[PDB]
Peer 1: 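Sharing a structure, written as structure tokens. Questions coming.
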Amino acid sequence: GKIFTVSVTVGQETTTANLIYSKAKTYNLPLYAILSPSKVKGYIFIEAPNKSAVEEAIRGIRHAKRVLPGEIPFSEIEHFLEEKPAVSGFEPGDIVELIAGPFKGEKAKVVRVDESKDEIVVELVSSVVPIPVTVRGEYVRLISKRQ
Amino acid sequence: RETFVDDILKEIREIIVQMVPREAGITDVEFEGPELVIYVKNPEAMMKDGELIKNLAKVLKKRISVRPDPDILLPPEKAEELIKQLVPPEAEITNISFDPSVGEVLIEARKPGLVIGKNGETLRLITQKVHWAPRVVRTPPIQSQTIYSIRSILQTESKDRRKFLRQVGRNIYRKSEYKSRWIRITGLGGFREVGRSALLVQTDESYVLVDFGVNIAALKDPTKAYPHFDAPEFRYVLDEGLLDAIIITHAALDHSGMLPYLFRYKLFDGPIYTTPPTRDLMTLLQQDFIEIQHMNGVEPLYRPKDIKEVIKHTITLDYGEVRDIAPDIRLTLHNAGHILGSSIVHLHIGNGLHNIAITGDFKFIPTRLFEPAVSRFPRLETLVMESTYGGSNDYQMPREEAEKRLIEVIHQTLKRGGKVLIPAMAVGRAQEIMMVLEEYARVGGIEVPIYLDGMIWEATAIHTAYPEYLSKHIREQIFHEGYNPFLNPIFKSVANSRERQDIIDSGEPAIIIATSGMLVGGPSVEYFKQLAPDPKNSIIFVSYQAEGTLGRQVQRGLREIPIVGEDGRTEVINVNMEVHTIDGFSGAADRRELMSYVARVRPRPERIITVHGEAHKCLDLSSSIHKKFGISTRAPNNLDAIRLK
Amino acid sequence: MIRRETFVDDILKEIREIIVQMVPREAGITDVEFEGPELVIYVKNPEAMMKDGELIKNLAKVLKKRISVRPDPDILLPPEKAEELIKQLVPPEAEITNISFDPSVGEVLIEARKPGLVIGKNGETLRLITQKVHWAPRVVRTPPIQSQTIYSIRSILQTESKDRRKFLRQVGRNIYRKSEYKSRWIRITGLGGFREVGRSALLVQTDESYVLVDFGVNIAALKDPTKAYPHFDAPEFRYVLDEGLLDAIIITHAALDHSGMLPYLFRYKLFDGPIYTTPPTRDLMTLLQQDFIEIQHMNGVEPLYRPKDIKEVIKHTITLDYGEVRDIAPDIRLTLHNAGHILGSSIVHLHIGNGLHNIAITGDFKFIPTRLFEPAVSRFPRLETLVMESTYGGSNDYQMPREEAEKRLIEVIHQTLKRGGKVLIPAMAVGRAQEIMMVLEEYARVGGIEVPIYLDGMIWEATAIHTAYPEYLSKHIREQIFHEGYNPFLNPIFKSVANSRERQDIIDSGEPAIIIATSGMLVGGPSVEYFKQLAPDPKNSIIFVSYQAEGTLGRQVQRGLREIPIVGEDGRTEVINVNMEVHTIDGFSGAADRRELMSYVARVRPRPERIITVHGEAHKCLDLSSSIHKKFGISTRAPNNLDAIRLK
Amino acid sequence: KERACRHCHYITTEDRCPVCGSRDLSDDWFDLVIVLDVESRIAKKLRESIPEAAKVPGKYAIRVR
DNA sequence: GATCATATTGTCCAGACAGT
DNA sequence: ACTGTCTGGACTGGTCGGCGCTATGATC
RNA sequence: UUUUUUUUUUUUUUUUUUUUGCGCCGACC
Ligand SMILES: [Zn+2]
Ligand SMILES: [Zn+2]
Ligand SMILES: [Zn+2]
């Protein structure tokens, strides 16, 4: 059908999607599918023939705020369904920020990238001596792209 | 990696329930660092005497820590009342703390010997009548800020400390007694150089780092200020988190300066095995180093929270206590005699496979402060020795005439009404000077007050907190007699700048022991500035003065020194005071002392490694040892790996 | 592979700018890229590139890199027209056999019996033909004796051209990831072969690059994997392999104790990168690995690796010649010099930094002249650290001289051929067997013997490889092959069997003959069958040229025991009676003795600062190190395994 | 805890896999996908990405780690 | 039973402006 | 060019003292 | 019967002197 956006509480998109799915199953709502990417915070995607079905499905839930008044083209959310490694798309020599891990809130420079083990080796920029460290690909965020 | 800690714990529990009578009621058996903890419901039957605990410790070859079950716990007020009633009034108990999570009561007393008992029977009596496992620590006669802060940090983070100890105990006993296929020794720093010491002990199962330190002389160059972080073995150990433990020989910046840096960037998460005096002194020195780097305007190496994390990850070991820090490595500490808490690291890898002794900084002659270094070991194959004074012509003067000259110079200065200013290190020579002065003044030689400014008072308090780590004479005076040499009324502490100004402006003679040997900071510079024009005063140098420092300028004989004034104009200091230099109070071992230690060590090591000194000095010491005793000697450079077995 | 900083783009831009400044406009530079150590330049109009031969030499000297000039793929002659032009333009005496084209890179592979005519004086013929054909030429020698191994390797390389080109491009990008860099420290860790024989492993580590030298396996202690394989548990080796920081692997010579562990890395994808070795060494080590897996399968034990791993090793091997300086790392330069041990044996010379340090790893080598190969090179431009073998480092380890050993072999063959007796010489396919055939051919050249010699097994393949690579042989053999026009290998007395029927009917023929077979330990192959069928034959002689290990049939034969019970196939045992005299001549070994080692130390130039003795027994290594230190005053060491020595 | 199958990318609360019967399930997964209609556009997009996904309506995971 | 992210988006005077 | 309409704004100074108010739902 | 790589010395210690805001209500001049 048509892709619609539902604004939900940040960090609790999966539970809201599960409640919407259970309500649709129990009450026979005309809901086609629900997509809740982990990278997107506070927003979920629901496929329905019309926005009235989405509005009727999300009502009665404290954690579903409102439905965005618009229709998303499928090309915008097409890349979300494709499975790609988090390490891929990273090149050595640039600067990244570590969102999670033991090095939370630290800037680092990418040194080595390998897609086989899904790990990326980075060097802290604030360290007085270069100490390479191995961190997960999804933990880092690209601040700038140079070389 | 694969672990078998559960099977080992099950076997240990089976052995315990086979040996311990059933009436004890054993509930839980777990590992807390390098010691075993057993929880029972009837402590009376478990420890009616020390023979059962001794037999259990001998059979299991572990440190047994019997604790009551948390369900059977007396109320804290009733427990405190019972503990106070049981302990004799001679032992003045100051603070009592309780741990609701695990059965343990911390007792702070001025006389821990009475609380512990003649053979530990008082601890058993307390934990039987009160159902609380007792831990006794000494309350120092002089209050120490660092020790109080460390104790408060340990008490306020009990849950994190217990979790860290449980993780360390699980990691240590991941497998049973394992015979290492090979033993490797690599030096990441401190090899053929002075400072930034770093020793890595590598086996096929566990890795051990020894005295991770920093260099202050070459702090401008990052390639020489810090140990070699680019070593492939060290990189592999740090990246995979295979570092089992870190052991610090003694509390100095060249042996413990780089320790908080690992915790700053979360490069390490295991335990640190130092003596409590070493831990306290190294925390004080690291805090002072961070403050100095902050004041100089440069970027600090780490933060005080990193020092707090180092405190939270430190396990305290006493002298002569054997603990298992790895599946194949056993660690014990022996007295070194260099400074307070200085320990010679002895590693027992395997079940008699090999033995390594890392002396570090040590002294082999008796001193006024500490006993000479331990030269007897149960087994010794490889010896790692310092070479600070390894030169052939390096011969420090004997102590007795050096202290006689110091005493006569001080007496001559005080005879004419002058003031004696003695710049000194925060730890080491300063306490020896205070002990010599106290001995001289105890017979009524001098009545003038002795003023300690800066870190001298804190170091003195830390020294008072651990009298068992001192020499036999001071131990006999403190324990057998009622006299404490550090508690002499002549020793006074100046609180603020007003007290220092009153001391300077006072016409009465006095002795001032500052905390900066090079007159590069602290109250030493102010004392020198305000006492230089007076010809009656004198300044005594007890340490080497580096080039480019004010102290070297005064020592060389400069009558006037141009300095920057408060208003931004050049100021001239007229040095009319007498200048003296007595370098006989150095805590480092002499070349003759090193040769005597090599000759008198038992058993004779198969090989000797000379480190911690200049390259030519290390080579000269190794060649002299090889020519005199025939033992094979090596003086490897940095990033050099030696396969001992 | 693993992605790195890869600053090669700026270096390539600077190199292209220098080329544009130096080379004229009419050359037409289109694409400049790195294919391994060499530099590849694509030109639209190659006519103006090489009107004079001095321009390419000047460009190579300025850029300090090997330069291969190829035409742009946009313009290319048709393969049939190009082949016709090449055939009709080269002299007819070149005898071109096979021509292969690679349109992806515009390179043509030419196989001829005489590559010298194709190349000509300083490459003038090569330049002229590639100017007239618009195709980059590569010339290899077609052996007079057909070689299955070399032909298979060439076919694999040709059929896998695109992946080989991608691998070469990746290697070239990894090599020049930085400019001329001066290393801060150099250390060498011995993962194997230190104070022991076999399973050698030398790891050269700098602050930027890591180099592995002579990764081999041990066959004497193959039962215990700890003593058979190099130390994989070393923290430095684990860090290098896990992070993929191994820049290159260099093999001194083809042996199981120097190159037996190579397919293991590619089997489990442990290492991905270039391997630098001499092409004879590559062919012989592939043959040795195939023999090793074959005998492992025959013994019933699980093989260490599959032949596909050997194919992967072949596809990841870069071939270098003697005296060719190539860059394998941003700070390390590699040069190969003759060693004289076996065919293709090389002495690894490493030039780390810009004059910072130099390391020479001799490995197995010989210093006296040899009929097969020239003596080892003792002169180097710069030398500071020397690593040499110590197999015969003992004071009493003096070997029996070759000349009178050859006299004894000649008189033995005379006394066994006057009576018409058969000869059996068990020897390895790579080692002393070729020297034995050369000695026999020289003896038969005068006219002393005319009985043909039969080579059974892998001896024919080694002979074919030797014919394919005659430039690596001795000066006398090179002279005879090139200017005299006589091939000692092509003597009519040298015969090769076809199958088991030829072996059977030459066994039952009864005529006197000389038989050379592989598996000198008599653990398998045609040697055991030949000995079984030769034991009851009266009046025959067998000559042993190598040391015999315990627990083998050769040791029992050497012991002179009258009764030799040998267990046969299908679980049944057989008993034979021997009346066959045994001869022991251990004078053809390719390992230098103590006197040769001392002579090499004394005559080396320049004198190294330190000498490291490896590849031998611990007592022999210590004795050799102490003797060198006492005689010459050089600081020598005999390090154990897992020992790192900081050099600079 | 909820774990996702490595084959069909199906999240189930029991050891048995009700789609392919696989015994290897991963406890770490992101980008939960809920499928209620087989002929959905996102279900069709997931089908060409992972062949085993969107066969039966229910919870699904984009990647398995 | 302890912690952690998140937590929604009164009338009148004067100036500017569509409307006729 | 007039005329009714929309929008913005300021709403006398000081002083006295009192009286509340400044998290919450969901795992682990 | 054979081509295109290079080579060497000057920067020192184990460390130091004081409740803001919000709104309401009452009241004085
Ligand atoms: Zn030290
Ligand atoms: Zn060899
Ligand atoms: Zn499944």
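Lettering follows sequence order; numbering is per chain, from 1.
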Peer 1: Among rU4(G), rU17(G), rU14(G), which nucleotide has an atom closest to any side-chain atom of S543(B)?
Peer 2: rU14(G)
Peer 1: Strictly under 6.0 Å, is that where the ring centroids of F380(C) and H337(C) end up?
Peer 2: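 Ring centroids of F380(C) and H337(C) are less than 6.0 Å from each other.
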Peer 1: Which nucleotide in the list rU1(G), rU4(G), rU14(G) gets nearest to the side chain of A60(C)?
Peer 2: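 Closest of the options to the side chain of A60(C): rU4(G).
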Peer 1: Go through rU15(G), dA7(E), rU16(G) for me and flag the one nearest to the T9(A) side chain.
Peer 2: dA7(E)
Peer 1: My parser flags sugar pucker from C1'-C2'-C3'-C4'; what should it report for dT15(F), north or south?
Peer 2: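 Because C1'-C2'-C3'-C4' is positive here, the pucker of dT15(F) counts as north.
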Peer 1: Suppose you measure atom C1' in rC24(G) against the same atom in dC21(F); what distance do you get, rounded to whole Å?
Peer 2: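 These two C1' atoms come out 12 Å apart once rounded.
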Peer 1: Distance between the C1' atoms of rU18(G) and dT22(F), in whole angstroms?
Peer 2: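 About 22 Å, rounded to a whole number of Å.
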Peer 1: Considering only the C1' atoms, how many Å lie between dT15(F) and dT3(E), rounded to the nearest integer?
Peer 2: 49 Å
Peer 1: Can you measure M282(B) atom CE to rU14(G) atom P for me and round it to whole angstrom units?
Peer 2: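 My rounded result for the distance is 20 Å.
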Peer 1: Taking only the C1' atom of each, what is the distance from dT8(E) to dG14(F) in whole angstrom?
Peer 2: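 Looking at atom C1' only, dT8(E) and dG14(F) are 41 Å apart.
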Peer 1: Picking from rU5(G), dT9(E), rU3(G), which would you name as closest to the side chain of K65(A)?
Peer 2: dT9(E)
Peer 1: NA contact type, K220(B), heavy-atom cut-off 4.0 Å: base, sugar-phosphate, or nothing?
Peer 2: nothing
Peer 1: Under 4.0 Å, heavy atoms only, any strand: does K57(C) hit a base, just the sugar-phosphate, or nothing?
Peer 2: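 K57(C): backbone/sugar contact only, no base atoms under 4.0 Å.
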Peer 1: Test side chain to side chain contact (heavy atoms under 4.5 Å, CB included) on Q293(B) and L301(B); report intermediate values, then the result.
Peer 2: CA-CA 8 Å; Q293(B) 261 195 331; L301(B) 213 45; 3.6 Å; yes
Peer 1: Taking for each residue the nucleotide of DNA chain E bearing the nearest heavy atom, is the 5' side occupied by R66(A) or by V10(A)?
Peer 2: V10(A)
Peer 1: Students often mix this up, so state it plainly: with edges at 30° and 60°, are the rings of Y176(C) and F34(C) parallel, tilted or perpendicular?
Peer 2: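 The arrangement is parallel - the two ring planes meet at less than 30°.
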Peer 1: If we take the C1' atom in both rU20(G) and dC28(F), what is their distance in whole Å?
Peer 2: 38 Å
Peer 1: Do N354(C) and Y181(C) have side-chain atoms, one donor and one acceptor, less than 3.5 Å apart?
Peer 2: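 No.
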Peer 1: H351(C) stacking on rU7(G): centroids under 5.5 Å, ring planes under 30°?
Peer 2: yes
Peer 1: Could you state the atom-to-atom distance from CE of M49(C) to P of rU4(G) in whole Å?
Peer 2: 13 Å
Peer 1: Expressed in whole Å, how much space separates the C1' atoms belonging to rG23(G) and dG20(F)?
Peer 2: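 These two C1' atoms come out 10 Å apart once rounded.
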Peer 1: When you compare the side chains of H63(A) and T15(A), does any donor N or O come within less than 3.5 Å of an acceptor on the partner?
Peer 2: no
